Amino acid sequence: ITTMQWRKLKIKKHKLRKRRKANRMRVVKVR
Amino acid sequence: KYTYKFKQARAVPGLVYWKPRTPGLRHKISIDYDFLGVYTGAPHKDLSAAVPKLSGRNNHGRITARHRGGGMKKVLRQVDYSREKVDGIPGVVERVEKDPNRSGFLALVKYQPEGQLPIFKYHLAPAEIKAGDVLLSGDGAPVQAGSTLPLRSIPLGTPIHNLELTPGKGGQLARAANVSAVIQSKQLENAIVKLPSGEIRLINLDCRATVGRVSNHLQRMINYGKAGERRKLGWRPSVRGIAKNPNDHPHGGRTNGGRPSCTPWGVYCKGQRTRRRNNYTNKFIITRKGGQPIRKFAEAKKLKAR
Amino acid sequence: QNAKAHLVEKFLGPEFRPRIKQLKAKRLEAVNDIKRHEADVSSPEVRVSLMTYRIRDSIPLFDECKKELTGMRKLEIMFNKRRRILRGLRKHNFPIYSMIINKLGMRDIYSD
Amino acid sequence: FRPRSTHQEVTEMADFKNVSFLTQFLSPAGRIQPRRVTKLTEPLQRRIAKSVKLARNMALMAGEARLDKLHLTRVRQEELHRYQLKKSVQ
Amino acid sequence: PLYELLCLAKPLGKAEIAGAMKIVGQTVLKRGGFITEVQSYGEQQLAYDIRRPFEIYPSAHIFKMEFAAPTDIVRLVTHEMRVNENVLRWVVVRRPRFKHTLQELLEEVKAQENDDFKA
Amino acid sequence: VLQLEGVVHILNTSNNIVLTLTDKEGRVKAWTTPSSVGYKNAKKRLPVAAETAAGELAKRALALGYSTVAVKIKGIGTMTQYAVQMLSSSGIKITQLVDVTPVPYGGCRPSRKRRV
Amino acid sequence: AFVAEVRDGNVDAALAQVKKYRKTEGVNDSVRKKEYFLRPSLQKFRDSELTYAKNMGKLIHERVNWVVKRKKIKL
Amino acid sequence: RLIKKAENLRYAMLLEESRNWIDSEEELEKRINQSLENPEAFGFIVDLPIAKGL
RNA sequence: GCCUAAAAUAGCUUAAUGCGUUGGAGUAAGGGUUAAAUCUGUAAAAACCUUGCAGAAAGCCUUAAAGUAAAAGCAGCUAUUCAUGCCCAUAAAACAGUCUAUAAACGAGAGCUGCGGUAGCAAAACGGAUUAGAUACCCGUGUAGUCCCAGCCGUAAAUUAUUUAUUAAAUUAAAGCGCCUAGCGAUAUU
Ligand SMILES: [K+]
Ligand SMILES: [K+]
Ligand SMILES: [K+]
Ligand SMILES: [K+]
Ligand SMILES: [Mg+2]
Ligand SMILES: [Mg+2]
């Protein structure tokens, strides 16, 4: 795998982690 | 700190995890004495006495210790904290028993002096003593758990318990479950000893102590599941100060906590000191709990006055 | 001063030796009945017997020391190997297979 | 040219008690010399290093030169003279 | 196996040193061993001073003992050293069982037979 | 009066140089530093500041009667060269130079590296 | 602890000996290591760079030494 | 056959060494007293003979 | 018989560092930056000689790892338990293989629960600067964590595909598998 391929995946993983933290302390999870 | 995961795991041996069949059994955790070999029957007839419950009332008949009374019948055991009587005679452990009046375990020891009948005594059980073991005291005894020797014949780093402040009165300092004390250094006529609470103190070298720790390592894993469990032990409920009316407590008014927290008699209870500044015993204390030097405590309001 | 022969015998004996050496000495003596001749240490009868004795001696060892994972893995490897050896003997040489099972008190569960 | 001990001598005298013998493999500051300087085999290199480390634990050697123990050289020579005289008389 | 004990004790009188040595010897004898060598080197000056909570020792008395006993003797000896307060520092090291290897013994046997064969 | 043997301790740790004069038992008699002479935050790192501090210490040492001194150096730096030379040229005799820089055998974890 | 005696007031000679002791006995190396912390994976890279610089210096002077030996160059 | 002879040779040598071995407390006290009365030199001066076994 | 940077278990050593540490002596700074300041001191600090207490880590040897510990990984000293590796001398008439559909065990660092400990370092946090802004990089304090014991979690840019023959490698031909079929796009459903 190349550096360019790593960077393309990096952005999507960041977005998923941010959303999960927001829903960590919510009654109704946003999905 | 109790957590519900701890009870679900059911890992630690020697504990009874009661299945949550009823609301009063869901959080109940007790001690399994049979699995540990601890006798839980009646005490020795010649070393016990039945006494009435006082319920925290003095000879004037008034309540001086609150939230007491209403439990089960009380029986007391006589324990020999000082083994000076039986110095030379070896003793054989017969049983390890449970006493509801203390948090440790007691050991029943039989001595057979030459030319006399057997003698029975109760002792505070060391950490690793079982039935059939041999206990010895006085000069000429090995440095092993269960041996009682003067401070002049104990190594520095060896944990000890049941320490005597006075030369022959008896052990008073380290008694609670799974506690110990250590010796840091020995001077001309005193030894520097660290107590279970973290205090450094001077103790005369002619005092005696027992090698080892106390014999109950499951004390902090207990959880009473019901209010009635502690009622059977002799404890009564208490009411919060802010729930009372003004004529009963300083917090009585409708508002909650109008003034800083205090005792029912108005003394601040979130840090105010109660030991006497000029106490005669300041000559034997080097460092108080938390690391405060004795001089800092002894001379604190005198500087403010100046 | 006189010589003490009783001290020489103790030193040359198994008394002042590690536990493993003493156990291994007993294992060899226990196979004096099934070995082919006085110096047989490699026949299939001897090898299987020694492996079985090692397993029995190791059961108490790992009941106290439950964190020595390296030793357990070695034991597991030998455990599987002995099974395949017995599987081969049963298929090709039943009479030898029968003697090993009878001597060690095992069960005939080594078929395919 | 400097004295060199034979490998047979090293294997016979490589012990933590022989501080004098072990000194030949230490730098003037008191550190362990590498194998390329001692001219020893790998098994012999390990033994010498362990002997020095054990001697340090027992207070028979110091991890480095100490300013408060500079009179030991005088003491050792004085002890050596007495021992030689005693044995010679005997 | 064969063990060797090196002990650094305070520079006290002969009686105190003898008592410390005798304790170790009786421990070995009780367990079922025997003692081969007993030696003393007198008071020696150390590379650096041994420090106790309020004491400094620039010198010590050194003695050694060699004994043969079961593998359980090491813990017993270690306990005695810790309990005794006249001992400053100690170490126990294991030694080879035999002086001569099997190969060396065989060569001696072969040489003897050759002399007899020639005779 | 002038027949006094003393010790001069030089501490240099990449930011400042400290010179202390003591007797042979360890009791301090005088001490100097570049800040005590007039050189401040950024100017304390110059070789001129080290020379001035060394000269001032020598003057006080002579007044007290210390003419023969031994120098103990702790740390690795460039200021030690100038301080020692100034002491010698100021009229104080130097008999020995001793290096006592410590060396941990393992030790404690240093701080992280500056990502400048 | 290195002790350098001063003879005939030659302080500069004593200073030269002190520097030699630090380099020979590894005092400068200890100071460099303890200035700041590096992970074992980052310490490995640092050691590789230092060895590479040493090897390049060795190679350069190996070429010069051959020229001197053959052509007897007085450098 | 030769190995058996070697074993017997080792046994014979150990018997000679056993003459100076101590197993009784009476001998232990005598050995301790003699050792204390005749101190030896340590490795700081003369190399010591390191034990190799029995 | 010996050896071991192997694992588990138990004893021991201290160079340096920290402090609401002891006594002596002494007096204005110490610390830090591209340049400064916050901060620590003058009510007696730092520096120097001494006293006490404490945790973590292992200089030279020391080098790859050449041990390869199965991989994850592994060097302060001594001993026990156990598993390897070396020499020297032996042993087997019939038995022992490769690969893995399925199944199980081990498994860095971070993280979670309980117990003990807490020097140094350091997410977060709070101040001083830099800058158009600095919500970052720099400086000063500093809690979890890093440490011990018992459990949970099973994730890494967590090594070169495995085996037979040849071969220094390589190359050539075979045996049993897993995975890919343009990219892009889900917290889909189960
Ligand atoms: K209440
Ligand atoms: K109120
Ligand atoms: K992990
Ligand atoms: K860190
Ligand atoms: Mg009301
Ligand atoms: Mg890796």
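Residues numbered from 1 in each chain as written, not as in the entry; some residues may be left out. Chains lettered and ligands numbered in written order. Part of a larger assembly, values for the part shown. Heavy atoms only, no water.

As stated in the entry header, the method of structure determination is cryo-EM and the reported resolution is 3.1 Å.

(A) A look at the interface of chain B and chain E. Each partner contributes residues to the interface: chain B has 7 residues there, and chain E has 5 residues. For chain B, the biggest contributors to the area lost against chain E are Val143, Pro155 and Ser185 of chain B; these three give 58% of the whole. The interface formed by chain B and chain E contains 1 salt bridge. The partner of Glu85 of chain E in a salt bridge is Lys186 of chain B, and the shortest N-O contact between them spans 3.1 Å. For the pair chain B and chain E, the number of links is 1 residue pair in polar contact. Among the residues forming the side of chain B that touches chain E, the class breakdown is 4 nonpolar, 2 polar and 1 charged. (Contact = heavy atoms within 4.5 Å. Buried area = accessible area lost by both parts, 1.4 Å probe. Salt bridge = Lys/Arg side-chain N within 4 Å of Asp/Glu carboxyl O. Polar contact = N/O pair within 3.5 Å; in protein donor to acceptor, adjacent residues only side chain to side chain. Nonpolar A, V, L, I, M, F, W, Y, C, P; charged D, E, K, R; others polar.)

(B) Region of the structure containing a nonpolar patch on the surface. Residue and element names in this part refer to chain G. Where nonpolar side chains cluster on the molecular surface, the patch consists of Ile60, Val64, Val67, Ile73 and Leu75 and spans about 500 Å² of accessible area. With respect to the helices, strands and loops of the structure, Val64 is situated in helix α3 (residues 40-71). Judged by its relative accessible area of 35%, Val64 falls in the partly exposed class. (Patch = residues over 30% accessible without salt bridge, like charges linked within 9 Å, V, L, I, M, F, W, Y side chains within 5 Å. Areas by Shrake-Rupley, 256 points an atom, 1.4 Å probe, with all protein chains shown as cover. Helix = DSSP H or I, 4+ residues; strand = E, 2+ residues; numbered from the N terminus. Buried < 20%, exposed > 50% of the residue type's maximum accessible area, 1.4 Å probe, protein only.)

(C) The arrangement of the pattern of salt bridges in detail. For the structure on display, the rule yields 44 salt bridges over all chains. Here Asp108 of chain C ties to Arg90 of chain C by a salt bridge, and the two come within 3.0 Å at their closest N and O atoms. Placement of the pair is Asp108 of chain C in the segment after α5 (94-104) and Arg90 of chain C in helix α4 (residues 69-92), with a sequence separation of 18 residues. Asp108 of chain C gets classed as partly exposed once you look at its relative accessible area, which sits at 42%. Judged by its relative accessible area of 29%, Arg90 of chain C falls in the partly exposed class. Of the charged contacts, one joins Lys14 of chain E and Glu37 of chain H as a salt bridge, the two residues approaching to 3.3 Å between their closest N and O atoms. With one member in each of two chains, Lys14 of chain E in helix α1 (residues 14-31) and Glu37 of chain H in helix α2 (residues 25-37) form a pair that bridges those chains. Taking the relative accessible area as the measure of exposure, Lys14 of chain E reaches 47% and is therefore partly exposed. Linked by salt bridges that have partners in common, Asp15 and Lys17 of chain D together with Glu4, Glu37, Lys64 and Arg95 of chain E make up one network.

(D) Quick peek at the side chain of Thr210 of chain B. All names here are of chain B. You can see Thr210 is positioned in strand β14 (residues 208-211). Of the residues examined, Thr210 reaches a relative accessible area of 6% and is grouped as buried. A polar contact of 3.1 Å, which involves the side chain of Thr210, links it to the side chain of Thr148. The residues touching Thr210, leaving out its near neighbours within four places in the chain, are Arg83, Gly146, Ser147, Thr148, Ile160, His161 and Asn162.

(E) Inspection of α5 of chain C at higher detail. Residue and element names in this part refer to chain C. Turning to α5, its buried residues are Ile96, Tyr97, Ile100, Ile101 and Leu104. Down the axis, α5 shows its buried residues gathered within 135° of arc, on one side only. The exposed set on the far side of α5, more than 90 degrees from its buried face, consists of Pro95 and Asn102. The inward-facing, buried residues of α5 abut α3 (44-64) and α4. Among the residues of α5, the N-terminal cap falls to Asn93, whose side-chain oxygen and the backbone nitrogen of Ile96 are separated by 2.9 Å. Phi turns positive, to about 65°, at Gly105, one or two residues after α5. (Arc of directions from axis to C-beta.)

(F) Layout of the interface of chain H and chain E. Tallying the contact residues gives 33 residues for chain H and 37 residues for chain E. By the criterion of area lost to chain E, the three top residues of chain H are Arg10, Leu36 and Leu54 of chain H, representing 19% of everything that side buries. Our enumeration of links across chain H and chain E arrives at 4 salt bridges. The tally of links from chain H across to chain E stands at 11 residue pairs in polar contact.

(G) Examining the packing of helix α1 (residues 5-12) of chain C against helix α1 (residues 2-17) of chain H more closely. Relative orientation of the contacting elements α1 of chain C and α1 of chain H amounts to 130°, with a least axis distance of 9 Å. When the axes of α1 of chain C and α1 of chain H are compared, the pair comes out oblique. Between α1 of chain C and α1 of chain H the crossing geometry is right-handed. Between α1 of chain C and α1 of chain H, the residues in contact are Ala5, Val8, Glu9 and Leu12 of chain C and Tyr11, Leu14 and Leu15 of chain H, respectively. (Axes fitted to C-alpha atoms, helices over the stretch in contact; angles between N-to-C directions. Parallel < 35°, antiparallel > 145°, perpendicular 65-115°, else oblique. Left-handed = near helix turned anticlockwise from the far one by under 90°.)

(H) Examining the pairing of strand β1 (residues 2-5) of chain G more closely. Burial of the side chains of β1 of chain G is restricted to one face: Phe2 and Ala4 of chain G are buried, whereas none of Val3 and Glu5 of chain G on the reverse face is. Pairing between strand β5 (residues 93-99) of chain F and β1 of chain G: 4 bridges, direction antiparallel. Bridge pairing in β1 of chain G links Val98 of chain F to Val3 of chain G. (Pairing = 2+ DSSP bridges.)

(I) Structural detail: helix α1 (residues 11-24) of chain G. Taking 1.5 Å per residue as the helical rise, α1 of chain G with its 14 residues ought to reach 20 Å, and the 20 Å between its terminal C-alpha atoms agrees with that figure. Looking only at α1 of chain G, the buried set comprises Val11, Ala14, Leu15, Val18 and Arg22 of chain G. Buried residues in α1 of chain G, looked at end-on, bunch into an arc of 100°, giving them a common side. The exposed residues of α1 of chain G that point more than 90 degrees off its buried face are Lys20, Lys23 and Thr24 of chain G. On its buried face, α1 of chain G sits against β4 (66-74), α3 (79-89) and β5 of chain F together with β1 and α2 (27-34) of chain G. Of the residues one or two after α1 of chain G, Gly26 of chain G is the one with positive phi, at around 70°. (Expected span 1.5 Å × (residues − 1).)

(J) Here's a closer look at the nonpolar core. Of all hydrophobic cores here, the largest spans 32 residues; its most connected members are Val10, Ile48, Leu60 and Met61 of chain D, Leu8 of chain E together with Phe42 of chain H. The greatest single-element share of this core, amounting to 4 residues, is contributed by helix α4 (residues 42-57) of chain D. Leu19, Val71 and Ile94 of chain F together with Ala14 of chain G belong to the second-largest nonpolar core, a separate cluster that totals 29 residues. (Core = buried A, V, L, I, M, F, W, Y, C linked by side-chain atoms within 4.5 Å.)

(K) How the structure looks around the protein's contact with RNA strand I. Taken together, the neighbourhood of RNA strand I is formed by 103 residues, with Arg220 of chain B, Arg56 of chain D, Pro53 of chain E together with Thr33 and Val103 of chain F sitting nearest. Counting only atoms of RNA strand I within 4 Å of the protein, the sugar-phosphate share comes to 75%. Contact between RNA strand I and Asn57 of chain D: a sugar or linking oxygen at 3.2 Å from a side-chain N or O atom of the residue. Grouping the constituent residues of the surface near RNA strand I by class yields 34 nonpolar, 29 polar and 40 charged. (Near = heavy atom within 4 Å.)

(L) Geometry of unusual backbone geometry. Residue and element names in this part refer to chain B. At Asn162, a position not held by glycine, the phi torsion is positive, near 60°. Among the secondary structure elements, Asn162 is positioned in the loop between β10 (160-161) and β11 (182-186). The exposure class of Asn162 is buried, given its relative accessible area of 8%. Positive phi, normally seen in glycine, also occurs at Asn178, with a value near 55°. For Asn178, the location among the structural elements is in the loop between β10 and β11.

(M) Structural context of a positive patch on the surface. Residues and elements named next belong to chain C. Taken together, the side chains of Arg47, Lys81, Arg83, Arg84 and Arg87 define a basic patch exposed on the protein surface. Examining the composition of the positive patch, we find that 4 residues originate from one element, α4, more than from any other. Residue placement: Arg83 occurs in helix α4. (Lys, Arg positive; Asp, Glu negative; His and termini not counted. Charge placed at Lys NZ, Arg CZ, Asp CG, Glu CD.)

(N) View of the packing of aromatic side chains. For the structure on display, the rule yields 11 aromatic pairs over all chains. Centre to centre, the rings of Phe6 of chain B and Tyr17 of chain B are 6.4 Å apart; their planes meet at 55°, and the pair counts as tilted. Of this pair, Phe6 of chain B sits in helix α1 (residues 4-9) while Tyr17 of chain B is found in strand β1 (residues 15-17), placing the two residues 11 residues apart along the sequence. Judged by its relative accessible area of 27%, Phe6 of chain B is partly exposed. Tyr17 of chain B sits in the buried class, given a relative accessible area of 10%. Here the aromatic rings of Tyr3 of chain E and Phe67 of chain E are separated by 6.1 Å at their centres, their planes lie at 40°, and the arrangement is tilted. Here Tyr3 of chain E, found in strand β1 (residues 2-9), pairs with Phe67 of chain E, found in strand β3 (residues 55-68); they are 64 residues apart in sequence, far enough to count as distant. Judged by relative accessible area, which is 7%, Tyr3 of chain E ranks as buried. Residue placement shows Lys98 of chain B over the ring face of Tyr33 of chain B; its charged tip is 5.4 Å from the ring centre. For the cation-ring pair, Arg97 of chain E lies above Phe11 of chain C, with the distance from its terminal atom to the ring centre recorded as 5.6 Å. (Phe/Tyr/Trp six-rings, centres within 6.5 Å; stacked < 30°, edge-to-face > 60°. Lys NZ or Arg CZ within 6 Å of the ring centre and 35° of its normal.)

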